[PDB]
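Q: I have a structure I would like to understand better, so I am pasting it below and will then ask my questions one at a time.
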Amino acid sequence: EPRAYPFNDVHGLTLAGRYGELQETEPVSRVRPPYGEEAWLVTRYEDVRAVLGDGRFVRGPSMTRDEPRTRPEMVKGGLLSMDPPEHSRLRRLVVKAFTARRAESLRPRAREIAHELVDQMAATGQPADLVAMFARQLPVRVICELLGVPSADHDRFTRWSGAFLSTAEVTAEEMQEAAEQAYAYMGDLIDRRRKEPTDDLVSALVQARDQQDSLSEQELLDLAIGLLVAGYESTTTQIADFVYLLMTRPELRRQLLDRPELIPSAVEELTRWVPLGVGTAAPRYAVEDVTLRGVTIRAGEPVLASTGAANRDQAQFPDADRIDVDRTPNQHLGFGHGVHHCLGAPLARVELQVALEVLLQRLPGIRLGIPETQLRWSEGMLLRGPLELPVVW
Ligand SMILES: CC[C@H]1OC(=O)/C=C/[C@H](C)[C@@H](O[C@@H]2O[C@H](C)C[C@H](N(C)C)[C@H]2O)[C@@H](C)C[C@@H](C)C(=O)/C=C/C=C/[C@@H]1CO[C@@H]1O[C@H](C)[C@@H](O)[C@@H](OC)[C@H]1OC
Ligand code: HEM
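Numbered according to UniProt numbering, the sequence shown terminates at residue 397, and the numbering increases by one at each position without gaps.
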């Protein structure tokens with residue numbers, strides 16, 4: 005009676021047909037995930053937005069509940085596990101430091117890094133793996149620039165970070181050692197910056213004040229590592245998926261080569277269209293009974309709000325399955341909605357823009373150097389994207 009979930013096949017970016025059916029016949033329905041409790045699934049744009057934006061739907065129970073999910077282990081904590089007012093306080097301090105202006109200031113360093121990565125690929129000759137050499141490299145290096153990790157330390161910081169990716173095949177202790185190295189280093193960097201501040205985010209986070217409040221020592225550290233993990237795999241996977249789409253849809257590539265000024269709009273349309281998640285936004289828990297589409301979600305029940313399906317809802321987006329780089333309006337939920345809206349979105353936007361700009365300017369003939377049907381797709385079961393993208397140019 006509840007349907008087995010996820011519906012998405014991980015071996016591709018296709019939106020499961022089941023979503024559209026439910027948007028039409030059963031917009032609030034029951035699902036059984038591979039791990040964790042049965043939950044409600046909400047699929048219409050208006051309802052998904054309503055859930056992520058409604059005060060009666062909270063994240064705190066995540067910490068004491070068996071969350072609907074695709075993997076046996078549970079990754080808990082961070083800002084996304086918090087509710088106002090505690091969430092509000094931490095978020096006000098972070099954004100006071102992590103401004104859209106800071107994000108934009110990073111575009112020139114993001115481009116320089118992107119050029120380096122493309123040099124390194126040209127150096128080893130076609131076919132190069134776009135995933136290993138570029139997509140897994142650009143976002144963690146940009147996070148290094150953002151935080152203020154000295155250039156000398158970018159390689160070891162990148163090495164430790166790759167062990168946090170859901171696609172890493174390392175043992176538990178290997179991952180554990182990489183995490184303790186990342187924590188110790190970050191705590192030390194924070195301590196330097198406190199007693200000798202520079203222009204980087206760690207310095208600004210240390211000095212951030214809000215009506216006499218400040219971030220504690222532990223807060224600073226947990227927030228810095230939280231930015232890394234929230235900002236690495238997401239961006240890496242979306243770069244891979246966007247270039248995969250550029251390489252397999254000639255009209256998309258051609259539109260952006262003829263008119264690179266369309267890249268920012270194409271980044272929005274692709275963020276809308278790509279159902280990047282295997283499943284949904286982090287479960288929200290009802291704090292009281294809430295009636296939605298005339299179904300009563302009872303207090304305490306978990307609710308999985310699919311931004312993947314919402315972004316492809318025909319009721320909100322004309323001809324929703326079409327990728328249209330000029331689409332307007334495009335009020336997609338690809339960076340979420342409500343108090344947990346992606347804190348890093350201006351910088352993600354910068355990176356994704358830069359990735360496409362540099363790749364298209366350096367390698368305008370970039371294309372797959374194996375057939376599409378032979379691509380290997382990640383089975384990490386959190387996000388969808390290719391494990392390797394061998395490319396020729
Ligand atoms: C795909 C996106 C997420 O990836 C993840 O959720 C990463 C999960 C990986 C797969 C985990 O590693 C696995 O642990 C198992 C116990 C063993 C397994 N192997 C060895 C067989 C191993 O692969 C976790 C436990 C790895 C550790 C280092 C970790 O805590 C990772 C955190 C990364 C979270 C990533 C980012 O999501 C962010 O999660 C936070 C909990 C939220 O607060 C928020 O960030 C502030 C969120 O992004 C919106
Ligand atoms: C293309 C890349 C990215 C995508 C598609 C993405 C998407 C998201 C989405 C959908 C959420 C809301 C999740 C939910 O409500 O369950 C979120 C939250 C968050 N993101 Fe991102 N994100 C990206 C990149 C980044 C970057 C680069 C950073 C930081 C540098 C970042 C930091 C965060 C943090 C800290 C949160 C939790 C915010 C909160 O709970 O208050 N993200 N992101």
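Where a beta carbon is used, it is the ideal one built from N, C-alpha and C, also for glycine.
1) With H, G and I counted as helix, E and B as strand and the rest as coil, what does DSSP make of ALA309?
2) Distance check for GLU383 and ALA172, CA to CA, integer angstroms please.
3) So, using beta-carbon positions, are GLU237 and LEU351 closer together than 8 Å?
4) Could you check where the alpha helix (DSSP H) with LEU387 kicks off and where it finishes?
5) Please confirm whether any heavy atom of ligand 1 lies closer than 7 Å to the CB of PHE168.
6) Quick check: the Cα distance between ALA303 and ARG60, rounded to an integer number of angstroms?
7) Exposed or buried, which one is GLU361 when buried takes at least 16 other CB atoms within 10 Å?
8) How would you label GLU272, buried or exposed, when you count the other beta carbons within 10 angstroms and need 16 or more for buried?
9) Name the residue from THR332, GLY389, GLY81, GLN365 whose alpha carbon lies nearest to the alpha carbon of residue 1.
10) Looking at the secondary structure, which residues open and close the alpha helix (DSSP H) in which residue 4 lies?
11) Kindly identify the DSSP beta-bridge partner or partners of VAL122.
12) Would you call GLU376 buried or exposed, if buried means 16 or more other Cβ atoms sit within 10 Å of its Cβ?
13) Give me, in chain order, the residues of the same chain whose beta-carbon lies closer than 6 Å to that of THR300; leave out the 5 immediate sequence neighbours on both sides.
14) Give the single residue among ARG69, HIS341, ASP245 whose Cα lies nearest to the Cα of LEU393.
15) Let me know the secondary structure DSSP gives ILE243 once reduced to three states.
16) Is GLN242 near ligand 2, going by C-beta to nearest heavy atom under 7 Å?
17) Can you tell me the Cα-Cα spacing of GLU178 and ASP13, whole angstroms?
18) Measuring alpha carbon to alpha carbon, tell me which of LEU97, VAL99, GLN141 ends up nearest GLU116.
19) Is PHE339 near ligand 2 - that is, is its Cβ less than 7 Å away from at least one heavy atom of it?
20) Quick check on this structure: which residue in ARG316, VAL354, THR103 has the alpha carbon closest to the alpha carbon of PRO268?
21) Would you list the one or two residues that DSSP bridges to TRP44?
22) Mind checking whether the beta-carbon of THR275 lies closer than 7 Å to any heavy atom of ligand 2?
23) Out of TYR9, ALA313, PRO201, which one is the CA nearest neighbour of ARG75?
24) With a Cβ-Cβ cutoff of 8 Å, do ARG316 and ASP325 count as a contact?
25) Which residues bound the beta strand (DSSP E) around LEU296?
26) Drop a sphere of 10 angstroms on the beta-carbon of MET67, count the other beta-carbons inside from all chains shown, and report buried for 16 or more, exposed for fewer.
A: Straight from the coordinates:
1) strand
2) Taking the straight line joining both Cα atoms gives about 11 Å.
3) no
4) Where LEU387 is concerned, there is no enclosing alpha helix (DSSP H), because DSSP gives it neither an H nor an E.
5) yes
6) So the alpha carbons of these two residues sit roughly 9 Å apart.
7) buried
8) buried
9) Outside the shown range of the chain, which is 5 to 397, sits residue 1, and nothing can be said about it.
10) Residue 4 is absent from the model: the chain starts at 5 and stops at 397.
11) According to DSSP, residue pairing for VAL122 in a beta bridge does not occur.
12) exposed
13) If the five residues before and after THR300 are omitted, its C-beta is found closer than 6 Å to the C-beta atoms of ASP293, all from its own chain and listed in chain order.
14) It is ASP245.
15) helix
16) yes
17) 30 Å
18) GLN141
19) yes
20) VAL354
21) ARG34, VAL307
22) yes
23) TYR9
24) yes
25) For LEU296, the enclosing beta strand (DSSP E) begins and ends at 294-296.
26) Its Cβ having fewer than 16 others within 10 Å, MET67 is exposed.
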